[PDB]
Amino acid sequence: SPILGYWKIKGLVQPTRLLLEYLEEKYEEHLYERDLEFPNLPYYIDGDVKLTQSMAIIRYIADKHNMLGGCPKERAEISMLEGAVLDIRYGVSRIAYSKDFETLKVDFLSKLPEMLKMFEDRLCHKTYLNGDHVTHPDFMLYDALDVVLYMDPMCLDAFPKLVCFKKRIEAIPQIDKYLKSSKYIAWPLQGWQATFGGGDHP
């Protein structure tokens, strides 16, 4: 059975866990708690491959299920959505370990509406980000939305399509079951030492 190793946090691997549950893949986790030889996190091991880099890991899983895109144009479209979600999610992580977080968050939250609106407009004519069918950037976006809502519970008040998308992802039977399961890591969002999304509880 494939092994996914990471900290016992949401962090970089949360969209990968959602994708795996969506696909009903069987996998074990190595969960590293607060306290090959270090090692390098996250990693993903099945028979064939040994991977590091969270984006290589999620892309591989998507790739094994033919979800990366059927032609160069489609695959670039998916890569583009990926990069656009990462600007949000990395935007959070970039400031979440600062003593100055309270200041830096002002800048971040000022730029967030424009970042969100691309996804909003995209969602006005598509059910999921790439259309009728779920793709891996959908779970990346879900994770980014979950994280920013802890930063600003109001940040989606002006985005009803994104509000709807978040509920839609939550209603996928595999996902709804996973979020209610004992497998679900609710918190922390970042490493425990973080000023935002760290600590033991919300």
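Quick note: we count residues from 1 along the sequence shown, nothing fancier.
*Asks:* Output the stretch having the higher mean C-alpha B factor in the entry; the candidates are 37 to 45 and 133 to 141.
*Replies:* The stretch with the larger average C-alpha B-factor is 37 to 45.
*Asks:* So which stretch wins on mean C-alpha B-factor, 109 to 117 or 73 to 81?
*Replies:* Mean C-alpha B-factor is greater for 109 to 117.
*Asks:* At the C-alpha atoms, which of 164, 68, 175, 158 reaches the highest B-factor in this entry?
*Replies:* Going by the entry's C-alpha B-factors, 158 comes out highest.
*Asks:* Divide the modelled residues of the chain into thirds by Cα B-factor and specify which third, lowest, middle or highest, holds residue 154.
*Replies:* It falls in the top third of the chain.
*Asks:* Lowest, middle or highest third: which one holds residue 5 when the chain's residues are ordered by CA B-factor from the entry?
*Replies:* Lowest third, going by the recorded CA B-factors of the chain.
*Asks:* Sorting by Cα B-factor within the chain, modelled residues only, which third would residue 59 end up in: lowest, middle or highest?
*Replies:* It falls in the bottom third of the chain.
*Asks:* Ordered by C-alpha B-factor within the chain, which third holds residue 123? Give me lowest, middle or highest, please.
*Replies:* For residue 123, the deposited C-alpha B-factor lands in the highest third.
*Asks:* Ranking every modelled residue in this chain by its Cα temperature factor as given in the entry, which third contains residue 86?
*Replies:* Lowest third of the chain for residue 86's C-alpha B-factor.
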